[PDB]
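K.L.:
Okay, handing you the structure first.
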Amino acid sequence: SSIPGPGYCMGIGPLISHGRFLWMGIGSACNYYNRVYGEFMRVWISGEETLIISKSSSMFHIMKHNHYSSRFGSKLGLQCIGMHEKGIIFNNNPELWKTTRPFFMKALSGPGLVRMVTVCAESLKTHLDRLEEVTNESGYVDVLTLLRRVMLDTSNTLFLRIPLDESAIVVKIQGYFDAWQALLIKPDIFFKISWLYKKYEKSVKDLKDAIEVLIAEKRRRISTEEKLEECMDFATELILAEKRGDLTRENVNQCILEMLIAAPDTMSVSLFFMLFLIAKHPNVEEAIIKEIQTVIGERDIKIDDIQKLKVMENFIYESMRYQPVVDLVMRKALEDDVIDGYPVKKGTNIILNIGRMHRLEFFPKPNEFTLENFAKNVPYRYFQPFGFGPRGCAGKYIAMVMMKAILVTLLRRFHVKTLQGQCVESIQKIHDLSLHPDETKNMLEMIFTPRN
Ligand code: HEM
Ligand SMILES: CC#CCO[C@@H]1C[C@@H]2[C@H](CC[C@]3(C)C(=O)CC[C@@H]23)[C@@]2(C)C=CC(=O)C=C12
């Protein structure tokens, strides 16, 4: 069929398009190029050719097959934040990624997902008898920060369990993301002129140095053991594998960082959106509270319960569909293939625009937020909010729990209000790596007026 896209104006194309991404934001550039051209088209980030697809069929083909299990980005930028052949999130070494994913995959399922539902509860309760830490004089709560802390506290108690200063680590995790996001696709010229990224180089060191202190104490606590396999958290599983010879110490320290930042990074921003959604849809928030009484009463939340919270389940899915945080997935082709009649050479970067695809395909009322879109059991081949196949979200299951749980325990106890005219749509957003609130603008606060 040959590939839709802008002109390769003899080396001018690649410069305008890359340049567009840097000015626009990886997020919006895709939403732009999809709109103007096809729902499948070619652009250039650095030299390398790169597809951007919002066709459900292409999307599904990609995430399904094993020869797409790699992402992409500046080898200089990934090296700088420490994810260059080290993490899993952006680990592009297919063998070295292959042997690391199992560790995440194990810790984020089975007994840990059972532990989580209650670890999430107790770790949110603690912080809700502590609003003094987050609340304005005028009653305004700093929802974002609150969430990040309970998210990081949750991640700690499950995967690492070593005493730390939430307050301080959160600000650092932010700096790390800020940097990661800044450097993911900066062209190499950028890295020569060094006084131009020293900020980002210092935000990385901050978090890394703060965590090397944490893993150092975690190592002591295993070398003086109360009989080993009694308490096998993610962090240990790794350290024990290192002291076999499967992982580099360096490689371990990244997974433990990548395992910590993940939830605060994304769950906080996601739940925050769902909160401006519950606060502007009274019809919905009533359905949820009733469902919570029907199923739980004022008992504690337990694993057996989560399947029953069906209306909330549809709320999370509809909030993620209508107002996503992770709206695009970056993959890369490893073997050549034809996909939807188009040829795609190995080495071709891919950006799946799942955020646009959730408005162009399947759904009945795509452009309005309604629990109506999920009244008819969604095929999952038309709604991929986590991804799937050999490189889907590793947290994809645990997350669905944690949201359910922290949404329950919150709504269970507070009515939520949005300062003045504000709402998800009127909120000002940055559309770069993710799709998150612009934190330098204000009016992002909420008001937690009690209940019953
Ligand atoms: C609801 C919030 C979340 C959303 C929307 C989300 C979404 C995603 C998406 C779309 C991907 C890319 C998968 C693909 O390429 O198809 C991803 C990757 C990943 N996610 Fe999440 N995720 C969420 C929560 C979490 C949580 C709570 C964790 C663990 C703390 C987590 C851990 C990971 C990891 C480790 C990867 C990289 C997997 C790999 O490339 O090998 N995620 N996530
Ligand atoms: C604030 C905020 C936020 C959430 O988005 C980021 C970036 C995610 C990335 C997975 C791979 C993803 C989906 C990609 O392939 C491109 C963007 C990537 C994701 C979701 C995973 C963990 C994390 O800490 C941070 C993120």
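Chain A is numbered as in Swiss-Prot; shown residues: 45-496, in order.
So this one's X-ray crystallography, 3.5 Å, going by the header.
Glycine is treated like the rest: Cβ placed from N, Cα and C.
Here's the feature list from Swiss-Prot:
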- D309, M374: substrate binding site (BINDING)
- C437: heme binding site (BINDING)
- 303-323: transmembrane segment (TRANSMEM)
K.L.:
Using Cβ atoms only, which residues of the same chain lie under 8 Å from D309 (substrate binding site) while being at least 6 residues apart in sequence?
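P.N.:
Spatial neighbours, sequence-distant, of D309 (substrate binding site): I217, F221.
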K.L.:
Please check the binding-site residues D309, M374, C437 against ligand 1 and give me the ones with CB under 6 A, sequence order.
P.N.:
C437
K.L.:
Please state whether DSSP places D309 (substrate binding site) in a helix, a strand or coil.
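P.N.:
Assignment for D309 (substrate binding site) reads helix.
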K.L.:
Looking at Cβ-Cβ distances, which residues of the chain lie under 8 angstroms from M374 (substrate binding site) while being 6 or more apart from it?
P.N.:
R115, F116, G117, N393, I394, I395, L396
K.L.:
Determine, from DSSP, whether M374 (substrate binding site) sits in helix, strand or coil.
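P.N.:
Assignment for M374 (substrate binding site) reads strand.
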